[PDB]
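So the structure is just underneath, and the comments pick up after that.
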Amino acid sequence: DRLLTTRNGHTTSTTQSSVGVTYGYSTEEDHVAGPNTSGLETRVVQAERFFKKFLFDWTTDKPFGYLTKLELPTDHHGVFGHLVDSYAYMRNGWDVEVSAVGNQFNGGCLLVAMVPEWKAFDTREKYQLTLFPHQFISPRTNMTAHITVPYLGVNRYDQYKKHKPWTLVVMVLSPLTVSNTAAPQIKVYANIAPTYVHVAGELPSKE
Amino acid sequence: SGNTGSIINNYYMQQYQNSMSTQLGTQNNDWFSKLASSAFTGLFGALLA
Amino acid sequence: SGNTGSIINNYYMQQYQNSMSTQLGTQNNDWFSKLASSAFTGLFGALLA
Amino acid sequence: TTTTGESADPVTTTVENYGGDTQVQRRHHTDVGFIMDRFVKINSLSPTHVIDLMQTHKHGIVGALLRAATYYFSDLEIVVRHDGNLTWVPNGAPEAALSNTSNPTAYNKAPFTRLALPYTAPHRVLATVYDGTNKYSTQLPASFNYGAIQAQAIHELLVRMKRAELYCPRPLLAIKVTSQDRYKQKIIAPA
Amino acid sequence: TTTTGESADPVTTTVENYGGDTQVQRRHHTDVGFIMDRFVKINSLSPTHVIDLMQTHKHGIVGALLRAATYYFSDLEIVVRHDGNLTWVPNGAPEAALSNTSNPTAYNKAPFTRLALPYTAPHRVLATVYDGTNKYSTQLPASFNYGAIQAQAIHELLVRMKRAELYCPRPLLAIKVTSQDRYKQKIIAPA
Amino acid sequence: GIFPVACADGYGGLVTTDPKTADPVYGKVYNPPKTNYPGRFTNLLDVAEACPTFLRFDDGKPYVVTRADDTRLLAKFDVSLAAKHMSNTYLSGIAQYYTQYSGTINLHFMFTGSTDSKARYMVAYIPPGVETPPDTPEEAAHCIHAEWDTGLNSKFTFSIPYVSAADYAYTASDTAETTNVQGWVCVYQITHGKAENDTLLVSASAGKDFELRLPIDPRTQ
Amino acid sequence: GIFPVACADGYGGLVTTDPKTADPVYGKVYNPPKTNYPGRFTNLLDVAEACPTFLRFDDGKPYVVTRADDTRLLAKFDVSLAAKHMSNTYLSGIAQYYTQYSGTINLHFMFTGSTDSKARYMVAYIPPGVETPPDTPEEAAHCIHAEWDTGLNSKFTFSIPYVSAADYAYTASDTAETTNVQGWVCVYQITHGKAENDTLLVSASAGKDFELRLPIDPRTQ
Ligand SMILES: O=C(O)[C@@H]1O[C@@H](O[C@H]2[C@H](O)[C@@H](NS(=O)(=O)O)[C@@H](O)O[C@@H]2COS(=O)(=O)O)[C@H](OS(=O)(=O)O)[C@@H](O)[C@@H]1O[C@H]1O[C@H](COS(=O)(=O)O)[C@@H](O)[C@H](O)[C@H]1NS(=O)(=O)O
Ligand SMILES: O=C(O)[C@@H]1O[C@@H](O[C@H]2[C@H](O)[C@@H](NS(=O)(=O)O)[C@@H](O)O[C@@H]2COS(=O)(=O)O)[C@H](OS(=O)(=O)O)[C@@H](O)[C@@H]1O[C@H]1O[C@H](COS(=O)(=O)O)[C@@H](O)[C@H](O)[C@H]1NS(=O)(=O)O
């Protein structure tokens, strides 16, 4: 038994095939009350919960190097999304969970990583993606990958409408294998939660 | 330092020779050094030597 | 001083390097510093926070 | 040693596993501050030049290493071979200020001018790559620079990173190998 | 905060009024002695030149700042690019004395001559503006100078205020703005 | 023998802002005493804090006039030391000689009307992120703002806070900038009673943490 | 008089790697704080130890495939930082900037097959002194080697030892070299049970005593 139940606000998620949590670059957030926001920033705890996003269908024809990316923050229709339209500046980290459920008779391996300041990588650079916070998903071992990263960037606070510091990537490392007893394909989903959400600079109403 | 090998103390004050760092709170904030030192070195399982 | 950043003491005596000031009576005769520090910062009246 | 590889937890085995003796290592040359501390040349130049470390060549020791990091910080030294006098201006200055002598201006002295300059950007750290949807009011924010220099003519520019700090590593690539086994080249040897 | 404005008593509110946190300030660059301590050029020249800080350009950092003060005091440094030998003479000297070698005379040495000179006026302090009905026995008293220099030819003159003291501030103006909102100009940016 | 020395290339040139001093040639001069001379200032920001100077509105007036119609926006300006409205202030006069700033800028509003003229105003800081500033007190209410009325005390002071992505902001504005990078300030008139043609003088001064760094000589000469 | 001095010939020139510092010209600048910024690294070998990157096999895959036929050699490669198989690793990326190395290089093998796929592998270090590497587990058994099988733990790590005549070895390879100076590594497949088309990912990282010395700038520019 490798059971892990994660809780973010009034939302929880539990796996029975956990391989642990990978923390990237740091175990904690740096100072959220710096000189750039004077003392006007505030934390908004109601935005710290899980939202969902479909990533891609892991099929037998997708070869090594096949890669899907999700730039964060992404479109959000909950309180976090409202925060982006209501405040000039924000900062937060991410608690990311990615599930690829098929069955134990499937083979192959997916590399799930969190990359700061994304750039389209060469196929040669794809061999070094493990330099970034990551974890793997191989049907023989697990169905869930879990990574937790802090806020970062040249600026202590950001304007997400103009810049996206983090981007989740899932790359095929070894192609999916199927048999008569295996799942024919595996859909890959993300369960994401923003952490330590802080906002500054109240914006006017649209009226 | 790194790649400075002069014995004699600098003729110019530090606030001129370099920019001055400020803090809000050079410490041991070396993530990769921690990461590397935390690497598993043992042997999982029983041994027959 | 202001915009001099050399560590080593001057080779020439002060009475040569500069003119010499005399007094009749560098003190705190900084009018504007006093003026600025005397600025009202409070809040006139009662507060409801 | 066998382990649960999916976890991505670092594993470092040693030769002791099969009877060897791990030896002593001296890693001074792979020290970041030490390795980045040497002059590197900037090829493109012009009478007016804005100092940007990304103009460094992508395969040179400094440029390769800098690009193998996401964020960085450092002070700087520059060697400039120029005609006439050289004027430097800090990050954020109007290009027009470069014509004024009260900004740090070095009078011509053969064979070139060496200078120590401080970091001067409005950010706590700079980046080699910036994922902006735009970033306006493969492009980097204009604020990412170390000021600018101007002279009648700028013939050569060397730049040196002082007190360098590197964060969040990125891919660093060796030469692509065509041969069936190894990349072979002519190594120095006596005549 | 509301106050009786007619009194002209200084009032400085802070962001704490509405819940903010006032931060830390470092004001070294706005220090008078520091800011005035840099070389500035004097454009008009001639074989015989009387050193007068008011010949400084009204829009340069030093000249703008000096004119934003009524009275001042300082020692001085000068850089002179000249042909032949340079002779300096203190405030109050007959112009004819400039031809005599026993007054401080610097023999030509390439590329120019740098010198430290003391304040030398008969007044306790000098002024940038003088409201004289005449002042005789937009003009300043002739006694307001730092002496004079002479050489076969004077090609360039830089001047530096040392130990500067400024009194009674005066208006300092930014560029006149034509635009509907802001004065915009080309700020340095990498290529 | 004598002491060997390596005369280094790339060193020795005159730099107009260098941290050294020249050699003296005329010694022993004692100056007339200037002990306790009045009006001395040692930092530009002390006077910038103590002496607020006026903003420039409409056709070149240091004030804003109460509107007789149903339009409530009295003024709107860029939070920029290079703004047209700040162009005649001492604050902008100093700021042009520095590349970056940070900190609080204070606005002062002094009502000039007769005893029988009354009004209620509002000032708001509109941060960046919206395309155009709101021309309505109702829309601007959601921002950081302050409302005050007329009475015995004629002046009201408000602090424009420094809220930005970077720790410092440029004093100058680039030609490629459409919207002001640091946002705007909007002054509104909630209402008034017999205050037609009455004036509200507005001035600015440096706040307690206002800071200017990186000296520059930018004007055309 | 003054201090006599001998300006020495052959000294004073700029050397791009010199141990001196330039003279400053613009003082008193304080930087925005960057206290505790995440992800810092101070030595290239810390990240080279902690983050293994992939080797390159066959047609450009980070893995080796289990053979369906009776051939048991899965892969063979030169123990060289300049080897084709190491060409995409971070380890070789750093190594190209140094002239010599010494120490342990670690190989990691992660099995990717389904729960019902089983196999038994073997890895051997073939030192120099033989003309061609053995393509048989039986011949390679006489070398330093390790055998492991498939199970709950998917990864196996092995240390390629540094065994050479000199204390250091070149990172680069000369054109006059026929056989690899430091030998080879051979990965074999003892057997498998229903593991056809199943994969074995292989990556490399720096060992505890891996060392790189003598910085070099060799790439064409
Ligand atoms: O062209 C202008 O901007 C007019 O300038 C202001 O006068 C200046 C004067 O030019 C200046 N002398 S200098 O030689 O330029 O240095 C100095 O004397 O100061 C005064 C005051 O300038 S201030 O910055 O406004 O304080 C006029 O003011 S004044 O003459 O009453 O003292 C100012 O009203 C003028 O601006 C108007 O014209 C602008 C452009 O002119 S045009 O369209 O080409 O014909 C226009 O852009 C402005 O909007 C307009 N001012 S408005 O608010 O009344 O509409
Ligand atoms: O010629 C090659 O080596 C082919 O290159 C690889 O593609 C490179 C690509 O060239 C490179 N771009 S760049 O402009 O050169 O910098 C970058 O995009 O990386 C890719 C991947 O390179 S890697 O080092 O292999 O990781 C081909 O890989 S890919 O296109 O699938 O990504 C690689 O398969 C190619 O090598 C084959 O061809 C070689 C010589 O070509 S030819 O005989 O002259 O026609 C041959 O020597 C190789 O053996 C062969 N690879 S094989 O193992 O499949 O047989």
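If you're wondering about the labels, chains in the structure tokens are A, B, ... by order shown, residues count from 1 in each chain, ligands from 1 in order shown.
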- Item | Contacts with ligand 2 at most 7 Å, only C-alpha atoms and all ligand atoms counted, listed as number ranges by chain | A: 122-124; D: 176-180; G: 56-60, 87-88
- Task: Taking only C-alpha atoms into account, report as a PyMOL selection string which residues of chain A lie within 9 Å of chain F.
- Result: chain A and resi 34-38+40+85+87-89+154-159+161+200-207
Selection export as a short mmCIF file (atom, residue, chain, number, x, y, z; two decimals), in the first residue's frame, atoms kept: C-alpha atoms:
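What landed in part-v5.cif:
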```cif
data_model
loop_
_atom_site.label_atom_id
_atom_site.label_comp_id
_atom_site.auth_asym_id
_atom_site.auth_seq_id
_atom_site.Cartn_x
_atom_site.Cartn_y
_atom_site.Cartn_z
CA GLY A 34 8.40 42.69 -0.18
CA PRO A 35 8.87 46.36 -1.00
CA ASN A 36 7.14 46.17 -4.41
CA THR A 37 3.60 45.96 -3.02
CA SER A 38 4.15 48.28 -0.05
CA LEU A 40 -1.10 46.29 0.39
CA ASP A 85 -9.45 40.00 -13.42
CA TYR A 87 -6.19 42.52 -9.09
CA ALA A 88 -3.26 44.02 -10.93
CA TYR A 89 -0.66 41.69 -9.36
CA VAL A 154 12.46 38.07 -11.87
CA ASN A 155 9.53 39.91 -10.21
CA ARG A 156 8.25 39.14 -6.68
CA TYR A 157 4.67 39.60 -7.99
CA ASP A 158 3.38 39.02 -11.50
CA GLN A 159 0.86 40.03 -14.11
CA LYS A 161 -2.09 38.28 -18.26
CA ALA A 200 -2.22 43.31 -4.71
CA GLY A 201 -3.66 46.32 -6.51
CA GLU A 202 -7.48 46.31 -6.59
CA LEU A 203 -8.79 47.07 -10.09
CA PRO A 204 -11.86 49.22 -10.92
CA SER A 205 -15.19 47.61 -11.88
CA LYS A 206 -16.39 47.18 -15.48
CA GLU A 207 -19.77 48.75 -14.56
#
```
Q.
I want to know what sits within 6 Å of residue E:39, based on only C-alpha atoms, with residues of the same chain fewer than 6 positions away left out; could you give that as a VMD selection string?
A. (chain E and resid 158 to 160) or (chain F and resid 16)
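Between residue D:140 and the candidates D:42, D:126, D:153, D:36, the tightest atom-to-atom separation, counting only C-alpha atoms, involves D:126.
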Neighbours of chain C in chain E at 6 Å, counting only C-alpha atoms, as a ChimeraX atom specification: /E:1,10-13,33-34,118
**Request:** Do me a favour and pick out the residues of chain G within 10 Å of chain E, using only C-alpha atoms, as a list in words.
**Result:** residues 27, 28, 29 and 30 of chain G
Keeping only N, CA, C and O atoms, write those residues as an mmCIF file, in the first residue's frame.
```cif
data_model
loop_
_atom_site.group_PDB
_atom_site.id
_atom_site.type_symbol
_atom_site.label_atom_id
_atom_site.label_comp_id
_atom_site.auth_asym_id
_atom_site.auth_seq_id
_atom_site.Cartn_x
_atom_site.Cartn_y
_atom_site.Cartn_z
ATOM 1 N N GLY G 27 29.683 54.341 -7.955
ATOM 2 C CA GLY G 27 29.433 53.749 -6.650
ATOM 3 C C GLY G 27 28.102 53.886 -5.937
ATOM 4 O O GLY G 27 27.186 54.548 -6.387
ATOM 5 N N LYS G 28 28.002 53.173 -4.823
ATOM 6 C CA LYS G 28 26.825 53.176 -3.967
ATOM 7 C C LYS G 28 25.511 52.647 -4.514
ATOM 8 O O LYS G 28 24.464 53.258 -4.295
ATOM 9 N N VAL G 29 25.549 51.536 -5.245
ATOM 10 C CA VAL G 29 24.297 50.970 -5.736
ATOM 11 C C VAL G 29 23.938 49.728 -4.926
ATOM 12 O O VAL G 29 24.767 48.847 -4.687
ATOM 13 N N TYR G 30 22.726 49.767 -4.387
ATOM 14 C CA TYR G 30 22.165 48.711 -3.567
ATOM 15 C C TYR G 30 21.149 47.958 -4.392
ATOM 16 O O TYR G 30 20.240 48.550 -4.964
#
```
- Message: Contacts from chain E to chain D, 9 Å maximum, only C-alpha atoms: show me the residue list as a ChimeraX atom specification.
- Response: /E:38-41,60-62,111,185-191
Selected residues, C-alpha atoms, written as an mmCIF file, in the first residue's frame, please.
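Result file selection.cif:
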```cif
data_model
loop_
_atom_site.group_PDB
_atom_site.id
_atom_site.type_symbol
_atom_site.label_atom_id
_atom_site.label_comp_id
_atom_site.auth_asym_id
_atom_site.auth_seq_id
_atom_site.Cartn_x
_atom_site.Cartn_y
_atom_site.Cartn_z
ATOM 1 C CA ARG E 38 31.569 64.606 -10.777
ATOM 2 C CA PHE E 39 33.227 66.344 -13.715
ATOM 3 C CA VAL E 40 31.148 68.687 -15.867
ATOM 4 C CA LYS E 41 32.339 70.436 -19.018
ATOM 5 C CA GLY E 60 23.321 69.360 -17.211
ATOM 6 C CA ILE E 61 22.993 67.457 -13.924
ATOM 7 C CA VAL E 62 25.575 69.688 -12.113
ATOM 8 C CA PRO E 111 47.091 63.873 -22.529
ATOM 9 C CA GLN E 185 11.511 59.111 -25.323
ATOM 10 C CA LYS E 186 13.675 56.226 -26.500
ATOM 11 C CA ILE E 187 14.962 54.328 -23.486
ATOM 12 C CA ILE E 188 17.913 51.941 -24.006
ATOM 13 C CA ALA E 189 16.989 48.359 -24.871
ATOM 14 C CA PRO E 190 18.912 45.377 -26.226
ATOM 15 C CA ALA E 191 18.871 44.732 -30.006
#
```
Using only C-alpha atoms, determine which residues of chain A fall within 8 Å of chain B; present them as a VMD selection string. chain A and resid 25 to 26 31 34
message: When you look at residue D:172 with a cut-off of 6 Å (counting only C-alpha atoms), what residues show up, excluding the ones that are within fewer than 2 positions of it in the same chain? I need them as a VMD selection string.
response: (chain D and resid 68) or (chain G and resid 90 93)
- Message: Show me, as a VMD selection string, the residues that have an atom within 12 Å of residue B:7 when counting only C-alpha atoms, minus same-chain residues fewer than 2 positions from it.
- Response: (chain B and resid 4 to 5 9 to 10) or (chain G and resid 19 to 20)
Post-fit chain E coords, all in-order Cα pairs vs chain D, as a short mmCIF file (atom, residue, chain, number, x, y, z; two decimals) with C-alpha atoms, in the first residue's frame:
```
data_model
loop_
_atom_site.label_atom_id
_atom_site.label_comp_id
_atom_site.auth_asym_id
_atom_site.auth_seq_id
_atom_site.Cartn_x
_atom_site.Cartn_y
_atom_site.Cartn_z
CA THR E 1 21.22 -0.98 -5.86
CA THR E 2 17.61 -1.30 -6.99
CA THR E 3 15.09 1.41 -6.13
CA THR E 4 11.70 2.74 -7.08
CA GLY E 5 12.77 4.87 -10.03
CA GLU E 6 9.36 6.45 -10.65
CA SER E 7 9.78 8.55 -7.50
CA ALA E 8 12.72 10.42 -9.04
CA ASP E 9 14.55 10.44 -5.68
CA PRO E 10 18.32 10.79 -6.33
CA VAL E 11 20.38 7.57 -6.13
CA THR E 12 24.20 7.62 -6.12
CA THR E 13 25.91 4.22 -5.95
CA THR E 14 29.65 3.79 -5.38
CA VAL E 15 32.29 1.25 -6.38
CA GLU E 16 32.15 -0.15 -2.85
CA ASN E 17 29.14 -2.18 -4.01
CA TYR E 18 31.51 -4.57 -5.72
CA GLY E 19 34.64 -4.05 -3.65
CA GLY E 20 36.19 -0.77 -4.82
CA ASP E 21 37.31 2.32 -2.89
CA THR E 22 35.66 5.69 -3.68
CA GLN E 23 38.36 8.38 -4.01
CA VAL E 24 38.94 12.02 -3.15
CA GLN E 25 37.49 14.73 -5.41
CA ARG E 26 38.57 18.36 -5.83
CA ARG E 27 35.84 20.30 -7.64
CA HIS E 28 37.19 23.84 -7.85
CA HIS E 29 36.94 24.09 -11.64
CA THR E 30 33.22 23.24 -11.65
CA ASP E 31 32.49 25.98 -9.13
CA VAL E 32 29.94 28.36 -10.65
CA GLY E 33 31.46 31.62 -9.45
CA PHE E 34 34.90 30.53 -10.55
CA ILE E 35 33.96 29.19 -13.98
CA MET E 36 31.84 32.22 -14.98
CA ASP E 37 34.61 34.57 -13.91
CA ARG E 38 36.54 35.07 -17.14
CA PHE E 39 36.25 37.44 -20.10
CA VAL E 40 34.03 36.46 -23.02
CA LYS E 41 33.64 38.41 -26.25
CA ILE E 42 30.55 40.05 -27.74
CA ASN E 43 30.72 39.87 -31.55
CA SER E 44 28.06 42.26 -32.75
CA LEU E 45 28.94 45.85 -31.97
CA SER E 46 28.14 49.38 -33.10
CA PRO E 47 28.97 52.99 -31.99
CA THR E 48 26.04 52.68 -29.53
CA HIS E 49 25.77 49.31 -27.76
CA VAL E 50 23.38 48.06 -25.06
CA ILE E 51 25.10 45.47 -22.83
CA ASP E 52 23.11 42.23 -22.92
CA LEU E 53 24.78 38.96 -21.81
CA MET E 54 22.55 37.03 -24.21
CA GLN E 55 24.61 38.47 -27.11
CA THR E 56 27.26 36.10 -25.84
CA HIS E 57 27.87 33.10 -28.19
CA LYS E 58 25.70 30.06 -27.34
CA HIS E 59 28.61 27.57 -27.54
CA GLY E 60 31.32 29.46 -25.70
CA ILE E 61 32.08 28.26 -22.17
CA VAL E 62 30.38 31.31 -20.52
CA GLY E 63 27.44 31.55 -22.95
CA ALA E 64 26.78 27.79 -22.86
CA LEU E 65 26.86 27.79 -19.05
CA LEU E 66 24.75 30.94 -18.69
CA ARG E 67 22.07 29.46 -20.98
CA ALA E 68 22.14 26.31 -18.84
CA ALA E 69 20.51 28.43 -16.09
CA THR E 70 17.08 30.09 -15.99
CA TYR E 71 17.85 33.00 -13.65
CA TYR E 72 21.09 34.72 -12.78
CA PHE E 73 22.72 37.66 -11.06
CA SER E 74 26.11 39.32 -11.29
CA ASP E 75 28.17 42.46 -11.32
CA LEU E 76 30.29 43.12 -14.39
CA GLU E 77 33.58 44.09 -15.92
CA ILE E 78 34.07 45.26 -19.48
CA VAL E 79 37.07 45.79 -21.74
CA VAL E 80 36.33 48.13 -24.63
CA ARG E 81 38.64 49.01 -27.55
CA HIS E 82 37.25 52.28 -28.92
CA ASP E 83 37.92 55.49 -30.81
CA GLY E 84 37.35 58.70 -28.90
CA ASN E 85 35.84 58.66 -25.43
CA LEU E 86 33.58 56.00 -23.92
CA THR E 87 30.40 56.85 -22.06
CA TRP E 88 28.42 54.36 -20.02
CA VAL E 89 24.91 54.85 -18.80
CA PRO E 90 22.87 52.69 -16.38
CA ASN E 91 19.82 50.51 -17.08
CA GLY E 92 16.74 52.64 -17.68
CA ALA E 93 18.44 55.64 -19.21
CA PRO E 94 17.27 57.64 -22.28
CA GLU E 95 19.49 56.72 -25.25
CA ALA E 96 20.08 60.46 -25.65
CA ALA E 97 21.96 60.61 -22.33
CA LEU E 98 24.87 58.72 -23.96
CA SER E 99 26.05 62.00 -25.51
CA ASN E 100 26.54 63.66 -22.15
CA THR E 101 29.92 63.72 -20.50
CA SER E 102 28.72 63.78 -16.86
CA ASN E 103 27.66 60.15 -17.12
CA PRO E 104 30.70 57.91 -16.46
CA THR E 105 32.97 58.82 -19.40
CA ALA E 106 36.42 57.28 -19.92
CA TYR E 107 38.88 59.37 -21.88
CA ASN E 108 40.80 57.50 -24.52
CA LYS E 109 43.91 55.71 -23.20
CA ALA E 110 45.71 53.06 -25.24
CA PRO E 111 45.18 50.23 -25.82
CA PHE E 112 41.64 49.91 -24.42
CA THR E 113 39.46 50.67 -21.40
CA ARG E 114 38.81 48.20 -18.56
CA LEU E 115 35.97 49.05 -16.16
CA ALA E 116 34.07 47.61 -13.18
CA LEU E 117 30.29 48.16 -13.38
CA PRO E 118 27.53 47.29 -10.90
CA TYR E 119 24.37 45.30 -11.56
CA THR E 120 21.78 47.96 -12.38
CA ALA E 121 18.45 46.31 -13.39
CA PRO E 122 15.19 46.97 -11.51
CA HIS E 123 14.67 43.22 -10.96
CA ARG E 124 16.01 41.06 -8.11
CA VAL E 125 17.37 38.63 -10.67
CA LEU E 126 17.48 38.38 -14.48
CA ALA E 127 16.50 35.55 -16.83
CA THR E 128 17.93 33.93 -19.97
CA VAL E 129 14.45 32.89 -21.12
CA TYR E 130 11.13 34.64 -20.39
CA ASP E 131 7.73 33.08 -21.05
CA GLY E 132 5.76 36.24 -21.68
CA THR E 133 2.44 36.05 -23.56
CA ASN E 134 3.84 39.38 -24.77
CA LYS E 135 5.35 41.31 -21.77
CA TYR E 136 4.42 44.77 -23.20
CA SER E 137 2.48 47.86 -22.01
CA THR E 138 11.69 34.40 -28.37
CA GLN E 139 11.99 37.94 -26.97
CA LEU E 140 13.34 39.16 -23.61
CA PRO E 141 12.08 42.19 -21.64
CA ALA E 142 14.01 45.36 -22.51
CA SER E 143 14.77 45.90 -18.83
CA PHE E 144 17.13 42.90 -18.92
CA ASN E 145 20.42 44.75 -19.51
CA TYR E 146 23.58 46.16 -17.89
CA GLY E 147 23.31 49.66 -19.32
CA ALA E 148 24.86 50.96 -22.52
CA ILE E 149 28.09 52.31 -23.95
CA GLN E 150 28.89 54.76 -26.73
CA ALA E 151 32.04 55.97 -28.47
CA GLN E 152 32.97 57.29 -31.93
CA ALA E 153 33.64 53.66 -32.82
CA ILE E 154 33.54 50.45 -30.80
CA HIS E 155 36.02 47.90 -32.19
CA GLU E 156 35.99 45.23 -29.50
CA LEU E 157 33.99 44.34 -26.40
CA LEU E 158 34.85 41.77 -23.74
CA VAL E 159 32.55 41.18 -20.79
CA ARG E 160 33.19 39.47 -17.39
CA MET E 161 30.61 38.22 -14.85
CA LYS E 162 31.59 38.99 -11.23
CA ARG E 163 29.97 37.34 -8.16
CA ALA E 164 27.80 35.21 -10.46
CA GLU E 165 24.80 33.36 -9.09
CA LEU E 166 22.93 30.76 -11.18
CA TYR E 167 19.43 29.30 -10.53
CA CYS E 168 17.27 26.54 -11.98
CA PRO E 169 19.45 24.57 -14.45
CA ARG E 170 18.53 23.95 -18.11
CA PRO E 171 19.79 21.58 -20.85
CA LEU E 172 23.49 21.94 -21.85
CA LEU E 173 24.47 20.11 -25.05
CA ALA E 174 27.71 18.64 -26.36
CA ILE E 175 28.51 18.58 -30.09
CA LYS E 176 26.12 16.33 -32.10
CA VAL E 177 27.91 13.03 -32.83
CA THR E 178 27.90 11.64 -36.37
CA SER E 179 30.47 8.86 -35.93
CA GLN E 180 29.50 5.30 -35.07
CA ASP E 181 31.16 5.55 -31.67
CA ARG E 182 32.85 8.74 -30.50
CA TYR E 183 33.35 12.30 -31.62
CA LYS E 184 37.05 12.37 -32.53
CA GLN E 185 39.12 15.49 -33.07
CA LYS E 186 42.74 16.61 -33.21
CA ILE E 187 44.07 16.94 -29.69
CA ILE E 188 47.31 18.92 -29.18
CA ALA E 189 50.52 16.89 -29.36
CA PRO E 190 54.20 17.77 -29.68
CA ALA E 191 55.77 17.79 -33.18
#
```
Next item on the list: Mind checking which residues fall within 10 Å of stretch 68-76 of chain A, counting only C-alpha atoms, ignoring those fewer than 3 positions away in the same chain, and posting them as a PyMOL selection string?
Entry: (chain A and resi 51-56+65+79-84+92-94+112-118+120+160-161+163-172+190+192+194) or (chain D and resi 131)
Exercise for the section: Show which residues sit within 9 Å of residue F:48, as a PyMOL selection string. Count only C-alpha atoms, and ignore same-chain residues fewer than 5 positions away. Expected result: (chain C and resi 36) or (chain F and resi 53+90-91+94+204-207)
Practice item. Please report as a list in words which residues of chain B come no farther than 7 Å from chain C, using only C-alpha atoms. Key: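 My answer is residues 11, 12, 13 and 16 of chain B.
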Problem set entry | Separation of atom CA of residue A:139 from atom CA of residue G:114 in Å |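 Atom CA of residue A:139 lies at a distance of 6.7 Å from atom CA of residue G:114.
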- How many Å separate atom CA of residue F:25 from atom CA of residue F:7?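 Atom CA of residue F:7 lies at a distance of 25.6 Å from atom CA of residue F:25.
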Quick one: distance from atom CA of residue F:116 to atom CA of residue F:151 in Å, one decimal?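 One can read the atom CA of residue F:116 to atom CA of residue F:151 distance as 10.1 Å.
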Exercise for the section: Could you give me, as a VMD selection string, each residue of stretch 79-191 of chain G that DSSP assigns to alpha helix (DSSP H) when run on this structure's backbone? Expected result: chain G and resid 90 to 95 137 to 140
